[PDB]
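J.: Below: the sequence, then the experimentally determined structure.
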Amino acid sequence: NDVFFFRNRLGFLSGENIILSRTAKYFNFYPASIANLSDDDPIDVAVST
Amino acid sequence: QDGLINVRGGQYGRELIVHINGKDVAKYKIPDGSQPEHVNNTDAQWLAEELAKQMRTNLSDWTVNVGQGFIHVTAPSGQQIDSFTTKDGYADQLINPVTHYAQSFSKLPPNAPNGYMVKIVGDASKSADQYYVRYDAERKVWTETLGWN
Amino acid sequence: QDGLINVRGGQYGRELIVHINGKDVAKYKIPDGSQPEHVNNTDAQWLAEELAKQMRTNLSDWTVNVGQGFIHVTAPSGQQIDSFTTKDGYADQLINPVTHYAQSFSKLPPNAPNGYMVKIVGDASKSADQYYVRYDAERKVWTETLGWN
């Protein structure tokens, strides 16, 4: 439904979800390595209502 | 479908047995070590080529190659491995049956030819997921790559 | 374009094979070990100079030097390596094919002459990027330097 920027992260809204991208790179919704989670990974926070 | 048997060199009289698919494929006994010419037979590549010759004669299609430090048992697009064990003869550190599922980053085979994948699982020491690592032959590294399917 | 083959000394009868560019360059068999004068042939520098003599005779231009603990295979500004493997004969710890791409800081060659670069990649243990490290010959260190191009 929307494009929004938030702390270097491109972001989309969704059915109920908020999906922010990677910190340095806008067009990337996946972490660099699922070994060693590295604090810049994309986040999937469902709006809990 | 694929598989690797590492070889690391003998040590003066043990049995080297490679079970593929249930049968007792590829037996060899390192000699007694009494005569001085038997020190040639603990060479890793000589042992690899003898194990691969036994492997080719005792399996039907099963294309295997003598690598730098392995033999690369492949199944010919039909049947699978379905059972893969290796009676070392010495302790665990003589010949290693290694597959696509090593359980740490330290236990990981030395050459493992160019297109090869390992699902690193666990080690139960850090709260970590299970990540996949591919080898490269031009640059001898182990970088992380995708899943299979 | 460059390359290094470390040598670490023999161990009484194995094959030492250095593949450059696909061909089977530079074969040598360490002797049986029966006669007492064959202990000279597990010297690392004697083995290095014999492997380099084989290397110079079995390649065309290919300037190689016998270092402290290596031989330094160079390509003469035209063609490249394109394939670089080394059948150890013993386990991984006899002669090491090492390139510009070692995968940790621990695995890193001992001398590696003065102008040399290594892209340290991964090790998949810490969330770390990939950094480059240069050797110095006056002060035997490994400090970090730039990228190549």
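T.: Thanks, I have it. Numbering: from 1, shown residues only, chains lettered A, B, ... in the order given.

J.: how about residue A:44, secondary structure?
T.: At residue A:44 the chain is in strand, as set by DSSP: H, G, I helix; E, B strand; the rest coil.

J.: so what's it closest to, chain neighbours aside?
T.: Nearest residue to residue A:44, sequence neighbours excluded (Cβ to Cβ, 6 or more residues apart in numbering or on different chains): residue A:19, at 5.8 Å. The way it works is simple: take the backbone N, C-alpha and C, and place the C-beta from them, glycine included.

J.: That neighbour pairs with what?
T.: residue A:12, residue A:44 (DSSP bridges).

J.: measure it to chain B for me?
T.: According to Cβ to the nearest Cβ, to the nearest Å, residue A:19 and chain B sit 20 Å apart.

J.: how many neighbours does that residue have?
T.: 16 (other Cβ atoms under 10 Å in any protein chain shown).

J.: Now do the contacts for it.
T.: Listed by Cβ atoms under 8 Å, 6 or more residues apart in numbering or on different chains, the contact set of residue A:19 reads A:11-13, A:29, A:42-44.

J.: Next: residue A:2.
T.: With Cβ under 8 Å, 6+ apart, residue A:2 has these contacts: A:12-13.

J.: likewise the one 5 residues further on?
T.: Applying Cβ under 8 Å, 6+ apart, we find residue A:7 in contact with residue A:23.

J.: Phi and psi next, for it.
T.: phi 60, psi 70 (degrees, to the nearest 10).

J.: Ok, the one 10 residues further on next?
T.: For residue A:17, the backbone dihedrals (degrees, to the nearest 10) come out as phi -100, psi 160.

J.: Write out the residues of chain B neighbouring chain A.
T.: B:120, B:128-129, B:131, B:144 (Cβ under 8 Å from any Cβ of the partner chain).

J.: Now that we have the residues you listed, which of them are buried?
T.: B:120, B:128, B:131, B:144 (16 or more other Cβ atoms under 10 Å in any protein chain shown).

J.: Just the helices from chain A, written as ranges.
T.: In chain A, no helices are defined using DSSP state H.

J.: near chain B, which residues of chain A?
T.: When proximity is defined as Cβ under 8 Å from any Cβ, chain A approaches chain B at A:33-36.

J.: Can you name the two of the residues you listed that sit furthest apart?
T.: A:34 and A:36 (8.4 Å; Cβ to Cβ).

J.: and these two? which has more neighbours close in?
T.: The neighbour count for residue A:34 versus residue A:36, taken as other Cβ under 10 Å, is higher for residue A:36 (18 against 14).

J.: Backbone dihedrals for the residue in chain B positioned nearest to chain A, please?
T.: Nearest to chain A, among the residues of chain B, is residue B:131, at 3.9 Å (Cβ to the nearest Cβ). Phi and psi for residue B:131, reported as degrees, to the nearest 10, are phi -120, psi 160.

J.: same check, this time on residue B:28
T.: According to degrees, to the nearest 10, residue B:28 has phi -150, psi 140.

J.: about what we covered before: sort out for me which of the residues of chain B next to chain A are in helices.
T.: Among the residues of chain B next to chain A, no member falls in helices (DSSP H).

J.: Show me which of those is closest to residue C:54.
T.: Of all the residues of chain B next to chain A, residue B:144 has the smallest distance to residue C:54: 37.9 Å, by Cβ to Cβ.

J.: residues contacting the residue nearest the centre of chain A?
T.: Geometric centre of chain A, nearest residue: residue A:20, 2.1 Å, by Cα atoms, centre = their mean. By Cβ under 8 Å, 6+ apart, the contact list for residue A:20 reads A:6, A:9-11, A:42-43.
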